[PDB]
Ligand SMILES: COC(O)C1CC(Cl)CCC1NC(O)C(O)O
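The chain below stands alone, shown as structure tokens; this is the form deposited without this ligand.
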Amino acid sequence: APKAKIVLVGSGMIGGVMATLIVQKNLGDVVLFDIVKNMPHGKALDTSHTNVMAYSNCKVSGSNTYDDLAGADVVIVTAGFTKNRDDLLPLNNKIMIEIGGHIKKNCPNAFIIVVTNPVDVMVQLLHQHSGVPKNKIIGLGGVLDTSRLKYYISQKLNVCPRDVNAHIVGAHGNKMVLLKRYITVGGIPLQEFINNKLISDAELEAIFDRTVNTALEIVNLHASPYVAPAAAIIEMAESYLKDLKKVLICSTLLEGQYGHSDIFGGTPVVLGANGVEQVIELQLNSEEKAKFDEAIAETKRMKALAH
């Protein structure tokens, strides 16, 4: 059908919330692909029954066959080793290479979202091996990182979480650049709320640290982050599929923005029917740019080790 076909390359925990949310939102047919035998068929089966509860009609099928990438409109890549961090780099590069090959053969016109960490590295590797246009591949980062910052501020301020807006750029991971100057509450600069003593500078510094360290905080609580990563990816995928043209911070190919080329980094983009319709370059000051540069340098360091 002219229903979108959404192929989830990797059927782990992120894959399993993504499938669930696609059905809840009736976004398209789903393929849960994985290298593990049968498991994705089992998850797919479980998930398919929710069509009833949700009043939806999305097929959800499992796959242990790469050729099921054929005809995909959207491909979401979570496959990769997670278990030092740097030693995994060349192993995951191999995974990106193999997936990129299959994308180039089976669905060269697919919109691709990469999640595999370190995302700003893996997304470019997949970009290079899949051959897809620069506007048709992006990496998960800023939507997810900002959800934490937005949420933490909204709880202090007692407002709707979505009413806090905020920008985190450069890279996903420990070098993420939190931009205090670009935080708003109901469209109003956060500095007004600081001036008013509704939230203090010291509080915000604790929230910034908490934001950066959230994955680690969840892992030390003996859980792992996958629900919010999944919702963020679906917000991105949905903006493409429904041509919403939402402004969403994602890892995209830089061509001069922030003084950087030939690298992917986190910046606000507009996602619509044509993929990345606009790359928005924040007019950073020199102090913010210095931090952006550190993010890019780290991405470059890890990319060099990936080969």
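From 1 onward, residues are counted along the sequence shown.
The same protein has a further form, the form deposited with this ligand bound, not shown here; the description that follows concerns it.
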property: Contact of residue 258 with this ligand in the entry with it bound (heavy atom, 4.5 Å); result: no
property: Non-hydrogen atom contact residue 34 with this ligand in the entry with it bound at 4.5 angstroms; result: yes
property: Partner proximity in the entry with it bound: residue 98 to this ligand, non-hydrogen atom cutoff 4.5 Å; result: yes
property: 4.5 Å heavy atom contact, residue 208 to this ligand in the entry with it bound; result: no
property: Listed range touching this ligand, judged in the entry with it bound by heavy atoms within 4.5 Å, from 72-80, 200-208, 154-162, 187-195; result: 72-80
property: Contacts with this ligand in the entry with it bound - residues in 8-29 whose heavy atoms fall within 4.5 Å; result: 9, 10
